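First comes one chain, alone, set out as structure tokens in the form solved without the partner chain.
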């Protein structure tokens, strides 16, 4: 018009970030008193609000520092606030409110607010006509301009409103975006839950799992779904038997005293205790400080033992007594284990080893004792005669192998001595009768990996109850023998056999010490210590899971490891199609398939809490009566409720009627509402103290037309309790009701190909039908009509297949055609009636077994006259055209 900005010259505010200015700055400016100042230029966003700017600094010297929030208020004299809901349902008539603000202290502005057109939405605004309202906004006041729209397609849609003031160089606009959600209700279907365990559930080391597509029989037409494939590792702790409590070993710490034999007896407990405590790491409970005192006892025992070392490097109870083979071998056994604790002279250790080999070993590989020890109780099980050569040779051999890593470089004959000693055990092992010898000899052989076949079988079978090696006599020999067996099993890596054996040792509740306990004490703790050392931190978890989606280019593999076991790995697919899951490797995992989709809601999603009935009738330049009825759906009456009412364009409530409603009667109307003149009063709020849940609470008032327009927007009424805004009920009202509503007519434009059979010609049909786009053409009879709240289903019977494509439907079969309720009035389909239908391939819905059709904008739906009507001369033209059309398609088909 005149004195106003052109719509095209106005650029609406679109930048409304909830957060921005995510930038970085470096204070490199010359410091003033340690403070550097930097001027930063920024461009403010479109949002009309206060910004809170937070700043954090990092310095090499000063460190981190968080500054106080600095606020920035951004405002305009004239602006628009377009209040859009987070999301709106498709094909549901909703009302949005555009509020115009004028903060000029004392100056009224004449504004023309316009709602731009958008193919996605259906409003009074069209490509042909603009939707404009000219309103007056008083100073220090705001005006609410209602808008009724209907979303057509789902997804992030855009709404834009512009405005310009007359006689002033001022303009503004808002361009926000809202989400459009399908009519259905969000739902999740657990398709499959499979445990992944290749080694255990799979074949040849691989496990295959075929997953079915989701049912989705109730899925809302023309809505996409998404299937999640969730993979997660299953961490499994290693079941390891608890270690012997450190407090139990307080007695093991002993001060070494006596001569050549007793010095070792007292040194044994302390050495094995410090060894066990180190492995199990229990110095925390035992006493961190105490360890040093223990080592001093070990050094003390070592130093004193040297005094009994003879020139031959052998050992005996006395310096004048003949050297003992066993004693010397034992000294090597303990000393070799103590090299980790204290300083052990190689010359002493290796010297004893070389003496045992060159002086005490026979050509056959047997070690012989020429001078038994005085303390026969310190030798443990070796004391019970019988197969002494096997027992003694094994004992000495064990000592040699433990000293190998230390004395192999100094003793050239050691490797041969070990092999020759093993040769003897290997040859005479099967003859052994006593469990003790079998246990100790088995361990010696196992060290070389020479315990195989029959020998291994004998060793394992000798154990009673698969948990212990025992013999008639003192228990200490059994505990000792079983300890040797445990060490052998650990050497064999036989994890299956160990647990019962270890459990038996622990249940014996033996913690060393006492008379004749040297061997039992030393062996039991060495075996238990080794068990803890070999024990794995956790069960191995290294799965290789791969997904095979029929619609994916290549396989998707996932490497599931222990460190990332809990990590939830996901794969998403739009298509509802079966797939295969292959997993292989060690460890366990979980496979879950869930499908999110919109399922048709049989019940009403809206107005679940409030019942609302709005009626509009002509009053006895115009007047009408607006009567609103409401009832609360609950066990008790509702609390204070709000009546958000919006007038029809050009209409306003009566001041007199409002005053009468304002008067008590549990109805409150703020004075602010009462004051507004008949002009610019398109919004009204009526507060109710409470509404009945037993019956309807009805109120009514008059409305007067002040402004005259061609296209009249329908009014709206919203009821809801103060505490809950979500649970509300909105009803629209408009004259001509006791469809012409532009909003109603616009919505049904894309229901199907709109046309009159009269304008339609034979040649026209042949031209359109043969087009490659058209996939199917059927002569159908409507067998049944199943109406619903959101989508109507029409069960069509295929009487003739004029043209068939993807859907290989035979004559006599039935197909279901679907269409939104908004199109029911436009289609006007009736049972027992025939129709000529054709459409695109994109119309298909579901899969082959239950393939359905969706009546879209490109769908041709022409009523086929019955034989009764065809006899009429007026219907002759159409009946004959349809007949010739069918003949040309069936006989000749399409050109090519």
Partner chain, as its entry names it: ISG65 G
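Numbering follows the first chain given and starts at 1.
The following text describes the form solved in complex with the partner chain, which does not appear among the structures shown.
> Let me know the one among 603, 695, 736, 370 whose heavy atoms come within 4.5 Å of the partner chain in the bound PDB entry, would you?
It is 370.
> Please tell me which of 361, 483, 519, 435 lies within 4.5 Å of the partner chain in the bound PDB entry, judged by heavy atoms.
The option sitting close enough to the partner is 361.
> Non-hydrogen atoms within 4.5 angstroms of the partner chain in the bound PDB entry: do 304, 494 and 513 all have one?
None of them does, since no heavy atom lies within 4.5 Å of the partner.
> Go through 606-614, 414-422, 702-710, 465-473 and give me the stretch that gets within 4.5 Å of the partner chain in the bound PDB entry, heavy atoms only.
It is the stretch 414-422.
> Quick check on residue 203: any heavy atom within 4.5 Å of the partner chain in the bound PDB entry?
Residue-level check for residue 203: yes, a contact with the partner chain.
> With a 4.5 Å heavy atom cut-off, would you call residue 550 a contact of the partner chain in the bound PDB entry?
No, residue 550 is distant from the partner.
> Should residue 357 be counted as a contact of the partner chain in the bound PDB entry, where contact means heavy atoms within 4.5 Å?
Contact with the partner chain, yes.
> Using heavy atoms and a 4.5 Å limit, would one call residue 110 a contact residue for the partner chain in the bound PDB entry?
It does not: once the partner chain is placed as it appears in the bound PDB entry, residue 110 has no heavy atom within 4.5 Å of it.
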